[PDB]
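Asks: experimental structure and its sequence below.
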Amino acid sequence: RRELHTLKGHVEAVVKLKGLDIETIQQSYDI
Amino acid sequence: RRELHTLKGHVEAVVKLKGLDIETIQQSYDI
Amino acid sequence: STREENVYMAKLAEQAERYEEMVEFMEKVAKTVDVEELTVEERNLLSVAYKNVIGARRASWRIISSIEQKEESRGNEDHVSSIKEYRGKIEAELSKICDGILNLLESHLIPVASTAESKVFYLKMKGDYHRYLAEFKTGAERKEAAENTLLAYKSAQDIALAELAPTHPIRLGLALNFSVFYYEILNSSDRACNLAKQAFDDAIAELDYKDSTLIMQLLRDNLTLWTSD
Amino acid sequence: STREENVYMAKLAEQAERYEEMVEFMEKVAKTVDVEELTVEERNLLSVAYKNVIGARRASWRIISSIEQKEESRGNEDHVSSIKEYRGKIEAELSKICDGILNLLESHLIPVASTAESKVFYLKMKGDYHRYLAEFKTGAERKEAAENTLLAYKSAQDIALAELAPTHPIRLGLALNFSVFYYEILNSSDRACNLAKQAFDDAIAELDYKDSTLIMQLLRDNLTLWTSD
Ligand SMILES: O=C(O)c1ccc(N2C(=O)c3[nH]nc(-c4ccccc4)c3[C@H]2c2ccc([N+](=O)[O-])cc2)cc1
Ligand SMILES: O=C(O)c1ccc(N2C(=O)c3[nH]nc(-c4ccccc4)c3[C@H]2c2ccc([N+](=O)[O-])cc2)cc1
């Protein structure tokens, strides 16, 4: 539900699914 | 991977996630 | 006289996941209605709409920007410049969407707010999209954002803490977004952590659902992340 | 002379998940190159690009159309008509994307195909987007599609069965899409089930990876679904 309701979740879902080896962006949970 | 690579998977992923009670559309797996 | 068709045409746009058009199916709702007391249904559709449109841009932004950093780390100016100009298009798009909702929120939505929770929602919403501007802006516009954000969030907080119960979704949601504003935009982790726990504790003593439960979990996750490195 | 920047600007558009622009970053690739032998990288980017753009439309289509059926089931003409006209916009969009790739595929891509697998891919691709048209069309255009599709797929099959090994990804992928074409468009489950098992069996005796493995599983899933009700 975190990747379904927050920007942080969707970003981390996309970045891991695309195999992009760039360093993890700092972000916090917000609605 | 089925909802990540096929139209059928993505359609069935979206339709279930939105709570839409309409009858399931007939479809087959294609790339 | 029948503005109910646009309510129906937006539910389709949401269902088909075409969000930019749902915004248009909701811009009409606020204007054709004129200046009426806007319902719970249409508000959430407007909320969901603009949030999803913006969300799609910010996601694009935060990815593009993070690719640009791994490129400045190698010093490839011919690569970075093309990334940045592409980001320029996204930043330009973002500006317009915010410069679309805010004065529409200003013109027909903030003035026509009756109940206690309605005023909090819209003011929180104002503070939100102002904060969304602060993410990418640099100049005098950036300072104006952080200022307009701080004023809008505090204006909402006063009504939220007093008029509404500690376990009310938006009172925590406001507190959650207010909490990120300090940490992300104002770079002061101190005042952020304090407001985060304070809104959490008061909601705990009240506990004694669904939407409220989820937001508390986001607060706790932020604290544990704001106390890591 | 440097068309490599558009290869780089499309990888960004993919990464940021802005697919309609990646198409444009790839339309330039085929044209600025002129008529050159197109690489494995740029082809897959063009494939992924147009497929993702179309995919987003077909998803919208199949949802909208399925809402329209639950509405004709109640006979609400005032509801159905607004759904249909919205579908009219999506169908119009779909037409243009197909009418964009196909003659571009015709002009610079099919004629400049050298190797055995290259000709199969592009012809399969032609058969694909022609089939994508057949999904929503009705008139003389619909018949022209099913015809152009059948001719393109069979033209590809002849090269695929002979020039390439039974376990080669596109030889099965073609067979998979060819198999759906019969069942979905031509309404004949018989010739569909036969081609499906035939391409499966020949790939099995060969077995003795990754991309090939996945497609076989889609074939088996279709058979078990085409023999249910
Ligand atoms: O940005 C989003 O993607 C989004 C938008 C609306 C919602 N909302 C709901 O799903 C929902 N259910 N009930 C309400 C609601 C409506 C009127 C008053 C109070 C709650 C909502 C909204 C919703 C929930 C929580 C917050 N909040 O405190 O940040 C705002 C909007 C959640 C997320
Ligand atoms: O429609 C899509 O979303 C899509 C697009 C491209 C791919 N492809 C890959 O991920 C991939 N990896 N290697 C290849 C490849 C490239 C040149 C020759 C053979 C394989 C691909 C393509 C891909 C895989 C399978 C098929 N197929 O047989 O339907 C087409 C394109 C998969 C799905």
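Replies: Okay, I see it. Numbering: from 1, shown residues only, chains lettered A, B, ... in the order given. Ligands and ions are numbered 1, 2, ... in the order given.
Asks: burial check on the closest residue to ligand 1 within chain C, number of neighbours?
Replies: Closest residue of chain C to ligand 1, CB to the nearest ligand atom: residue C:173 (1.9 Å). Yep, even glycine has a C-beta here, placed from its N, CA and C like the rest. Residue C:173 has 23 neighbouring residues, counting by other CB atoms under 10 Å in any protein chain shown.
Asks: before we move on, what about residue C:17?
Replies: Using other CB under 10 Å: residue C:17 sits among 14 other residues.
Asks: can you tell me the SS state at it?
Replies: Following DSSP: H, G, I helix; E, B strand; the rest coil, residue C:17 is assigned to coil.
Asks: now do it against residue D:90, distance only.
Replies: Distance from residue C:17 to residue D:90, counting by CB to CB, to the nearest Å: 12 Å.
Asks: that older thread, show me the contacts for the residue of chain C closest to ligand 1.
Replies: Shown in contact with residue C:173 (CB atoms under 8 Å, 6 or more residues apart in numbering or on different chains): A:31, C:124, C:215.
Asks: residue C:133 now?
Replies: Here residue C:133 is in contact with C:94, C:95, C:98, C:141, C:142, C:145 (CB under 8 Å, 6+ apart).
Asks: would you format the contacts of residue C:173 as CSV with secondary structure included?
Replies: Below are the contacts of residue C:173 laid out as CSV (three-state DSSP):
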residue, secondary structure
A:31, coil
C:124, helix
C:215, helix
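Asks: may I have the secondary structure class of the most centrally placed residue in chain A?
Replies: For chain A, residue A:12 is the residue whose C-alpha lies nearest the centre (CA atoms, centre = their mean; 2.0 Å). For residue A:12, the assignment made with three-state DSSP gives helix.
Asks: which residues touch it?
Replies: Listed by CB under 8 Å, 6+ apart, the contact partners of residue A:12 are A:3, A:24.
Asks: burial count for residue C:145?
Replies: Neighbour count of residue C:145, defined by other CB under 10 Å: 21.
Asks: measure residue C:3 to residue D:25 for me?
Replies: Look at residue C:3 and residue D:25: by CB to CB, they are 41 Å apart.
Asks: ok, those two, which is more surrounded?
Replies: In this view residue C:3 and residue D:25 are compared by other CB under 10 Å, and residue D:25 has more residues nearby, 23 against 15.
Asks: nearest residue to that one other than its sequence neighbours?
Replies: Using CB to CB, 6 or more residues apart in numbering or on different chains and skipping residues adjacent in sequence, the residue nearest residue D:25 is residue D:10, 3.8 Å away.
Asks: cool, residue A:23 as well?
Replies: residue C:70 (6.7 Å).
Asks: which phi and psi does the residue lying closest to residue C:32 once chain neighbours are set aside have?
Replies: Closest residue in space to residue C:32, ignoring its immediate chain neighbours: residue C:3 at 4.7 Å, by CB to CB, 6+ apart. The phi and psi values for residue C:3, taken as degrees, to the nearest 10, are phi -90, psi 0.
Asks: would you mind listing what in chain A touches chain B?
Replies: With CB under 8 Å from any CB of the partner chain as the criterion, chain A comes near chain B at residues A:4, A:17.
Asks: sorry, back to before: what do residue C:17 and residue D:90 both touch?
Replies: Both residue C:17 and residue D:90 are in contact with residue D:60, where contact means CB under 8 Å, 6+ apart.
Asks: returning to what we had before: possible to save the contacts of residue C:173 as a markdown table with neighbour count and distance to residue D:158?
Replies: Output for those, formatted as a markdown table (neighbours: other CB atoms under 10 Å in any protein chain shown; distance: CB to CB, whole Å):
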| residue | neighbour count | distance to residue D:158 |
| --- | --- | --- |
| A:31 | 21 | 56 |
| C:124 | 25 | 64 |
| C:215 | 25 | 61 |
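Asks: just the closest of these to residue D:178, please.
Replies: residue A:31 (46.4 Å; CB to CB).
Asks: list the contacts of the closest one.
Replies: Contact partners of residue A:31, counting by CB under 8 Å, 6+ apart, are A:5, A:6, C:173, C:176, C:177, C:215, C:218.
Asks: swap in residue C:71?
Replies: Applying CB under 8 Å, 6+ apart to residue C:71 gives the contacts C:79, C:80, C:83.
Asks: how far off centre is the helix or strand containing the first one?
Replies: If I follow you right, that is residue C:79. When elements are assigned from DSSP states H and E, residue C:79 belongs to helix C:77-108. The chain centroid and the centroid of helix C:77-108 are separated by 15 Å under CA atoms, centre = their mean, to the nearest Å.
Asks: report whether that helix contacts ligand 1.
Replies: No - Helix C:77-108 lies apart from ligand 1 when judged by CB under 6 Å from any ligand atom; the minimum separation is 12.6 Å.
Asks: burial of the residue nearest to residue C:60 when sequence neighbours are not counted, as a residue count?
Replies: Leaving out its chain neighbours, the residue that sits closest to residue C:60 by CB to CB, 6+ apart is residue D:16, at 4.1 Å. Residues near residue D:16, counting by other CB under 10 Å, number 25.
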